[PDB]
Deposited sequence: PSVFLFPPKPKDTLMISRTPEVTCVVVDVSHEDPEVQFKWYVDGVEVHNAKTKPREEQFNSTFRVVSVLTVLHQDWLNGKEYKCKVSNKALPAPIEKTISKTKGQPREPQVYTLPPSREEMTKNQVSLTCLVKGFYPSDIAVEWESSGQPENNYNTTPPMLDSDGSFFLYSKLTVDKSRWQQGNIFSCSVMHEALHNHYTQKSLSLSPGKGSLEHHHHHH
């Protein structure tokens, strides 16, 4: 009877249009008595807006949260009851504490060496941000560019975090002056988002 608890996606908590949710997952449940009861708690006060997904052959419970409550460091906790198990198992999750810090966003063009290739790499360096919760996307002239990969945040020297995001694009698109932009979303950013463009001189 394993009990795991996950935070909402960084983007969901930052964008008012999206819906952030905390997730209580469980495995190794008793096929003998495989019902299970979740009891949620926000800052030590019980809530009842949680929904349990249909079981799987895994029982997961999803609590929707207010954007501001998560960002203001409220504690979330699901109590897991089950007759086939001693006493209930409590687990708590929260946003990482500590002075928030603004990300610095730098776009780097492809190396001259990579121009020999058919596809080139557009790089975005994001550094100096805290906590590590962050989201990154790319677009070109309004439309989303999806052929990218973003490294997980990594601890830097000063306790803040950094990451790299690599957008891969055909060399042709890059060499005829197409405009590419990387959008970053973080709590310490104005309006929780900013964007930086990258294009050939």
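By the record, the deposited chain contains unmodelled runs at 58-63, 208-220, with no C-alpha atoms placed there.
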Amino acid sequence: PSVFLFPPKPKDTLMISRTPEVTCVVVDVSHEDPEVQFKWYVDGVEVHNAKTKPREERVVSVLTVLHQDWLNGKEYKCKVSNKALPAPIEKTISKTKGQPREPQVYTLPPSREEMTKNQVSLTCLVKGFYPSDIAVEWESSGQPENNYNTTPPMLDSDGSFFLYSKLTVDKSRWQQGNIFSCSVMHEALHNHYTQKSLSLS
From here on, numbers count along this sequence of modelled residues.
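The stretch with the higher mean CA B factor, choosing between 162-170 and 138-146, is 138-146.
Look at the C-alpha B-factors of 5-13 and of 181-189. On average they run higher in 5-13.
Across 71, 87, 120, 125, the greatest Cα temperature factor reported in the deposited entry is at 87.
Across the options 63, 27, 66, 154, the residue with the most elevated CA B-factor in the record is 27. Compared with the other modelled residues of the chain, the Cα B-factor recorded for residue 91 ranks in the highest third.
The deposited CA B-factor of residue 99 belongs to the middle third of values across its chain. For residue 199, the recorded CA temperature factor ranks within the middle third of the chain's modelled residues.
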